[PDB]
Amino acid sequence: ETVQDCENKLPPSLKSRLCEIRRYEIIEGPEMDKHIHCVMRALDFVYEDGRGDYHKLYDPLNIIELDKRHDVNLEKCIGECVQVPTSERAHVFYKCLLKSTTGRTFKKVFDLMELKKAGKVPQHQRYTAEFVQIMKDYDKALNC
């Protein structure tokens, strides 16, 4: 199940807000709890119960930009998600990550790994100016 599959099975009320969703705007609700669990699983960033996976993010985050705060932020946000209902866990992890200083590098890792799995870039693709245009053209084709 891909990020594209997840968005296809969005309810009308959220499909109309795809573009907000895809710029990582936070939207509350049990439907968004569901969807974010879906995408976070699709890109492999969380376990089945929705707990963030430190080891899926640490190096990729530091490789994009080296920052000791990545460690701290990962531990914090795993800290948080472990304390909430499972139905909610992935979304809390993701919300916490976005609000931390790691959020901006997280979006890049996320972007790069969506596009790597979709086959649009090579596995070793870095976050370059070309990549930003590729992701722009990728979103435009989805009406975003």
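Throughout, we count residues from 1 along the sequence that is shown.
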(message) Could you place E130 in the lowest, middle or highest third of its chain by Cα temperature factor, using the values in the record?
(response) lowest
(message) Test of reading the entry: by CA B factor among the chain's modelled residues, which third contains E48?
(response) highest
(message) Can you tell me whether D33 has a C-alpha B-factor in the lowest, middle or highest third compared with the other modelled residues of the same chain?
(response) middle
(request) Comparing against every modelled residue in the chain, figure out the third that the C-alpha B-factor of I63 lands in (lowest, middle or highest). (result) highest
(message) Can you tell me whether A90 has a C-alpha B-factor in the lowest, middle or highest third compared with the other modelled residues of the same chain?
(response) highest
